[PDB]
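Only one chain is given next, in structure tokens, and it is the form deposited in one PDB entry.
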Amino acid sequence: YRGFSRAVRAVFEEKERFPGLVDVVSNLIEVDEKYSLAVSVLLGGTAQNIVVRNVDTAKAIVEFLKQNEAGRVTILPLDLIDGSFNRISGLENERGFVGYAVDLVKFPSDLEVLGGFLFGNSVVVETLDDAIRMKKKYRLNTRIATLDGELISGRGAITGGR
């Protein structure tokens, strides 16, 4: 169920009320179908984040949602988000290395900061084995996704059990 939450729906229903509103992340991303599964898992729920021009628009949306109890949303003000990231020396030499997710996705020129913010130094590789191997060789805490849509990360704490 990937439909927009009712909070997001509510915001755009009265988009006029917010001039600095740009769009939801999913509608701004441009990527080749080949990388769609990997990019999608890297994005996760941030696909529904609301991109706005400035903090005032963000504030206006929050106040709006608050007084209408229409739910919660996550907003990315272009003037506030940090899109900085550092590539990891040597990863490009790894077997199965496809590329940094930021290099596999395009946004309209004036929104380049989004790539950096959304993907940081996340990496895309051909297969899970490549992912596991890379994470070990470089003790990466960075997120790594496969062309199949699988994802691994620095992992916060020990999880599992099933």
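Start at 1 with the first residue shown and count on from there. C-alpha atoms forming the largest set that superposes within 1.5 Å between two forms make up the rigid core.
Relative to its counterpart among 65-73 and 96-104, 65-73 has the higher mean temperature factor, C-alpha atoms as listed in the PDB entry. The stretch with the higher mean CA B factor, choosing between 132-140 and 53-61, is 132-140. Ranked by C-alpha B-factor against the other modelled residues of its chain, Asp23 falls in the lowest third.
Sorting the modelled residues of the chain by their CA temperature factor places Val113 in the middle third.
The same protein also has a form deposited in another entry, omitted here; what follows describes it.
Considering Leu21, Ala10, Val24, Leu140, one residue stands apart with a C-alpha shift of at least 2 Å between the shown form and the other one following superposition on the core, and it is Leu140. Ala47 is not among the residues whose C-alpha shifts by 2 Å or more between the shown form and the other one once the rigid core is aligned; its shift stays under 2 Å.
The Cα position of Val125 differs by 2 Å or more between the shown form and the other one after fitting on the rigid core.
For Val98, a C-alpha deviation of 2 angstroms or more is recorded between the shown form and the other one after rigid-core alignment. Relative to the shown form, the Cα atoms of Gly96 and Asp32 move apart by 3 Å or more in the other entry. Shown here is a form in which the CA atoms of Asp32 and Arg95 lie at least 3 Å closer together than they do in the other entry.
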